[PDB]
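Quick heads-up: it's one chain on its own, the form deposited in one PDB entry, in structure tokens.
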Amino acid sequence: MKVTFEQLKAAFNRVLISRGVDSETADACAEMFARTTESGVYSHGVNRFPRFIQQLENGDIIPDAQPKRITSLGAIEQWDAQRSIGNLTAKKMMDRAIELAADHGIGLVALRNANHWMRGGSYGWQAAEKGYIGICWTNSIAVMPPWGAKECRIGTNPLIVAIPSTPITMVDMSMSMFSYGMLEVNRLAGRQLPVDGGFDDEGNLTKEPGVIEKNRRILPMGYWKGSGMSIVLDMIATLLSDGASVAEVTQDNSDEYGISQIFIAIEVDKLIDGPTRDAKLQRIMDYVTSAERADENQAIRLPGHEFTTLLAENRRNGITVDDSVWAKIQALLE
């Protein structure tokens, strides 16, 4: 289903408005959903709109709610989202971390009682766009089992690291090798994962999507390494925001809400000259892209670089959304 930027935002807008969302907030929120899609992140863009709505109706989200600063230690700041909209509040918090970084060289915002921020890379991206290094992450509900377990007790806690290079180099990864969304994609397509992305009932690694989708034994990136990183990122987000951990949000809440997020912005230009920054960054990037390829036809790519090409493509060949997804959106009307 081929659509337009305005059409997407239009839908997102009216749907929100009819759900007790003030036009202003609705528009702002609808804007981000449309932007995330046009950038190529449909999974957390148009595709996540439906699930985002139901949670709103469930009261997990409060459109009229707004962030509030609790404590200030200088370069670091603890805030309280107060169950506000995920993407909107996160975008503001990263902007805040940038302000703090502007006068401190580096800034950090710990957010508690927050909602799912959709695409994490959005916040790292808006920072890298301003010449700052961007680093952020959040915790979530227990959707993955720690290394050595068969029960889900840790979250996907995605880590984002964006660098103000040209083009922007950014890492936006789940702690789980594959996201449950990619599993469905492969399952529906009838293909298996390129690499082991889970465990079957016998406890053996597998590439079979369906098996993992059922037992929830999704494989952590780097096995024990991803598992470990997930836990430490949960502790840091929990501690600095004095908020809810993966355990708390899972065992105490009715769904995935009230999570904890971290936002970091780091000054760059006041530490390294423009010409030097470009030369040093360029040498790194070319050192990677000029390496002897494993597959000559397949060129080596840098992290996040696709978000620049994908965007350009949609702004030319138009945006295309999954029929089953679009059809669902239309349903939300009337």
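Note that the rigid core is defined as the largest set of C-alphas that superpose within 1.5 Å between two forms. From 1 onward, residues are counted along the sequence shown.
Although not depicted, the form deposited in another entry is the subject of the following passage.
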| When the rigid core of both forms is overlaid, which of 252, 129, 201, 242 is the one whose C-alpha moves 2 angstroms or more between this form and the one not shown? | 201
| said: Is residue 191 displaced by at least 2 Å at its C-alpha between this form and the one not shown when the rigid core is overlaid? | reply: yes
| query | Can we say the CA of residue 167 moves by at least 2 Å between this form and the one not shown when the core is superposed? | reply | no
| task | Superpose the two forms on their rigid core, then report whether the C-alpha of residue 101 is displaced by 2 angstroms or more between this form and the one not shown. | result | no
